[PDB]
Structures are given as structure tokens and as C-alpha cells.
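Before any questions on how it binds or moves, here is one chain, the form deposited in one PDB entry, in C-alpha cells.
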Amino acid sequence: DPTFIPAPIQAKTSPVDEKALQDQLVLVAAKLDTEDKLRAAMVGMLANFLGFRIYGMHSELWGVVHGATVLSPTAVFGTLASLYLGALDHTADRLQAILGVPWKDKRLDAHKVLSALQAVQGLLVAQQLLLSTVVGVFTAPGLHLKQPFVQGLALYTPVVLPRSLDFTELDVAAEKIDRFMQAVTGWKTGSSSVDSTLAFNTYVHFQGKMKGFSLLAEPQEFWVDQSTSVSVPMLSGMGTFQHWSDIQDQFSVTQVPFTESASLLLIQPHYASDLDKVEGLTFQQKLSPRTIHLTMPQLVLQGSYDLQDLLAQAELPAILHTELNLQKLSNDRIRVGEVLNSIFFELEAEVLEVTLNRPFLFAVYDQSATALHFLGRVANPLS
């Protein structure tokens, strides 16, 4: 098997063309057979199962996230399926158990899974909606990457950027990865031992234009607490949006569509203190139409988390720091520094007045692939 040393992160890199990536993602969904389409929905449903498994083993899950408290079940499921591509023996087996894909072995068919995740990506944007995923494989200087592994990540996303980097100076390493990712994407990012020789980071950007809405001129006060308050630019739209008021669990849900299959969900607790408990009831394994005038904050959010913290209860840190065998990734010594997910989430522009001027929960769902693309919590629209 041939190899190659990732170019040093300081080398010239042309920026990624998102509009060219979107055309590719739509092409992927366009040429999907019936079996591949069901496989995409299947993997979207399986990523949800993993996501719900992550909310059950976390009382306060959001101390894991740096910045905006947004979470991508599809990206977490893809980062694990991507690492499995380079795993062997015990490491591969333990990763396979976490994914729980009920398909016949080709070991798990990592190529079919990753190609299914890119399918749920293309299904969403093929309907205004912008979803982009790029993977950065950051390695110590001189570490040899195996070609079949890099080429298989391209099944997850056409944009794969392997670069070599000096991890000895660590605080500078985190700046170079951010200064590199922002220079090549134009987004905002965040990141965080000295033995490390590999950092496998997924960076995804979502931009959702809701039609029928508009950015109001004057801001409105957003109450982070009953004591503290901040003014925020607000979106405003009116239409027949699905809704439901849960009197038993005292919370209300609003579903405003993006497309025929993709929608945004908004869980508003009746009282502010119920936020963490209302979250437990919703994010875990009934709406009807109503004329609603929705007013919610314009969301320009950025956050990041290490899967080793999300899946600490699944012993992922042990999977990646004990008996490690990523020898399909590289023959050289691998010490995982971070397994990152960095999310740039943008939400931009008789009667029931629904106003999100208090902490709320949200989610982006797509019925095409029955996939929770994003779960999140907005205690403060500004960060």
C-alpha cells in the first residue's frame, strides 16, 4: 500500500469552493437508487440513536462544548465511522459496537456507511439550505498516511485536508489549525498532549435561509436570566406552522419548515428553570397546523467538542488510548490529541404569537433521511 506525508500546514492551500461542494452534494443525492436512499435514511436514523445515547449518559451535556452549545449527530457518527476506516482488531471492534449499524459485514462496511452519510448531506441541500463538511487530518511532521485511508474519507466528504503539523508546541498547534481552517474555509473555529501525533477534526458549516421571515430592524431584549437581559437581532415570520403545547410537561414545540422534508424544531419551556428537564424529555428516543407569528433570535453560532468527551461513558478515550491499532491509517506511532467536531451554525432570514426571548432548544430534522442534523441549546444568542 502506498503512503505519503501530509504537506506541512504552512503550505499554500486554495480556499474550498462551497458552491462547488454544494453542486457535488446535490449530484450525490440525485443519482441514488432506492436501496441507497433507504441506506441514507437508515444511517440518519442510526446517528440519531447514537445521539440519544449521548444525551442519556449526560445530565448536563453542555459543559463538554466550547462556545455555542450545538451538536451534530451526523458529524459525530461520521467521525467515528471515519476513524473506523483506519482501525483494526480491538480498536475497530469497539468502534463498530458504538455505531451499531445492522448491516452484513463486507468487519463493518465503512465505505457504504460513509457514502450513506454524504447521501443524507446531499438530500438536505438538494431541497436556501447550505450544509458543508470538511475533514482535517492533522499529523505530526513526517507521519506517513496510507492512501486507501485518505481516499476512503473522500466518500464521507469530497473535501479532505491532510496536513502535517508540529504538536510539540501545543498552544501554537491549536492556533495553526484554527488559522489554517479559517483561512481555507472562511468560517470560525475552535480547538484544544505533547505526545500527540494525530488530530482528526471534522468541521461543518450550516446556513439556513427561512423564506417568509425577515431580519427586523430594531433588536429586542433576550432574557438570559430573569435578572440579566441582552438585545438581539430577531427574525420574524408568519405562516401555518406546526405547534403543540405540552400541558403535562409544561413546554411548547414549534416546527417551521425549511423545505417539504427538512424543518426546524423549537422547544420552549413554559418556565426558564425547566430548560434542563424539558431537554431530557425531548432529546430522547403530535404537532398540528396553526397560524403562528414567530419571533426568534437570528442565530450565528459557533461551537466545538471532542468526541472523547461526548462518548466518555462509552469509553471512547480507552478505545483511542489503550491497545490502539490505527494501522490502516498509518504505520507510524499514533497518539490521538483530539477528535474534534467544530460547528458553524447560521440561521438567517386567529394568530399565535410565539416569541423566543428566553433560553430554548432547537433541532434541524430531515424526513428524507430521517436524520437529526443538529441539536442545540441557545441560552444566549450572542457569544
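Start at 1 and count along the sequence shown; that's the residue number. Rigid core (definition): largest C-alpha set, two forms, superposition within 1.5 Å. Only residues modelled in both forms are compared.
Just so it is clear, the following notes concern the form deposited in another entry, a form of the same protein that is not shown.
Core-superposed comparison between this form and the one not shown: among 216, 265, 312, 184, the single residue whose C-alpha moves by 2 Å or more is 312.
For residue 59, a C-alpha deviation of 2 angstroms or more is recorded between this form and the one not shown after rigid-core alignment. Relative to the superposed rigid core, the position of the CA of residue 68 differs between this form and the one not shown by 2 Å or more. If you compare C-alpha positions, residue 145 and residue 316 are 3 angstroms or more farther apart in the other entry than in the form on display. Between residue 59 and residue 264, the Cα spacing is smaller in the other entry than in the shown form, differing by no less than 3 Å. Moving regions between this form and the one not shown, defined as 3+ consecutive residues each with a CA shift of at least 2 Å after core superposition, lie at 52 to 68, 308 to 317.
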